[PDB]
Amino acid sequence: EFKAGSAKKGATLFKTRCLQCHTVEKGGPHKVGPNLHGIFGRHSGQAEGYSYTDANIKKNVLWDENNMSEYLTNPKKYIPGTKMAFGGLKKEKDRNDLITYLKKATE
């Protein structure tokens, strides 16, 4: 259950928990993970130029703040077979802050 949080705290969390694998800006490069520009409102496995697992593509989830909060809690449970090596953001406050930043940064 998503609730708007602190984009400032979320930016700091993104720099330590996500930035190593993902960029957010339009035209930002794909790295270990896909560039996340426009992720909200895009179906999973649809960023062109990125080699996804069939698991991520087949899940075909339409990304929204609410299902992304469920996904980021435990990625392997959400998408069994995903190659995103991320254990999960277990604190609701952290997910709210990170997703608030992500929505602003990927717009």
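We number the residues from 1 along the sequence you see.
Item to check | From 33, 28, 41, 75, residue of greatest CA B-factor | outcome: When the deposited C-alpha B-factors of 33, 28, 41, 75 are compared, 28 is largest.
Checklist entry - In terms of the chain's CA B-factor thirds, is residue 18 lowest, middle or highest? => result Ranked within chain, residue 18 CA B lands in the lowest tercile.
Checklist entry - residue 11's Cα B-factor: lowest, middle or highest third of the chain? => result Highest third.
Checklist entry - So where's residue 47 on the chain's Cα temperature factor ranking, which third? => result Residue 47: CA B-factor falls in the highest third of its chain.
Checklist entry - According to the PDB entry, is the CA B factor of residue 83 in the bottom, middle or top third of its chain, that is, lowest, middle or highest? => result Lowest third, going by the recorded CA B-factors of the chain.
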